[PDB]
């Protein structure tokens, strides 16, 4: 059964796509907003044929226009993720962009894009050649953004650190001590039937990205913003994947003992206040059991009272403690 809705919507977007080639960049962004709310919202069916119309605007001279393309492509992977291989090329291309404002926006969008992209590809039972192509671009996107931690722009570095946080979380296994988070996806959610990649190789990559973040976090000439972002990213990783808790607690311990001499007095106070918050969050995790006294030590150094710290520690039954206490004894041998 049919009606007029699709045809009436197609006529509306054809009008809007025609105005684009003769519109000023300011008018172009207004037009694209309306085309996205229709083509990905009101009449979602119009996605496939008006794709190339929008993806061509990735080459436009105005950076606002380029940023709108990113916003669109990020929405496509949210609502019509089957179109992923037809959009993912523009994303890897826009990571070579000249404007830092565009780079930052692309890295931001790559967070959801990589998660949605990874979820979709490992859901396919008989993946085609286009699926292998999309995965290859996703692998390159990770590598591209990983290089941006050594970018000269502080804002790029910050966004790059935030991106790498979600990759580590995706590319590791959740457990009993993992924080309950609604859309949480781990390597446990990656099937054995998947040919596109192996769980062991993603875990290896996740461990290498974490090693890089841990080293980055401990340098002497890191910016205050990069340090704060990195610290909170390490906290998110450890609370989501408590297997990394010991490493993150050690990084935090090392930082509080050796604050970079490039930090200003204000930057130190800012860094320490954020560090305090991250430690308080981690102490609430059941997986921090083993490091409770270390964490308490640091919180006392950062001005928490005995009773403030005490209230954060989760209550455990004695049989649960004995399971943990004995798992900690067997792993040390």
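Residue numbers count along the first chain shown, from 1.
Higher mean CA temperature factor, per the PDB entry, when comparing 302 to 310 with 65 to 73: 65 to 73.
Between the stretches 114 to 122 and 237 to 245, it is 114 to 122 that shows the larger average CA temperature factor. Highest C-alpha temperature factor among 293, 38, 280, 266 per the entry: 38. In this PDB entry, residue 209 carries a Cα temperature factor that places it within the lowest third of its chain's modelled residues. In the PDB entry, residue 84 places in the highest third of its chain by CA B-factor. Per-chain ranking of the deposited C-alpha B factor places residue 183 in the middle third. When all modelled residues of the chain are sorted by CA temperature factor, residue 28 is found within the highest third.
Ranked by C-alpha B-factor against the other modelled residues of its chain, residue 286 falls in the middle third.
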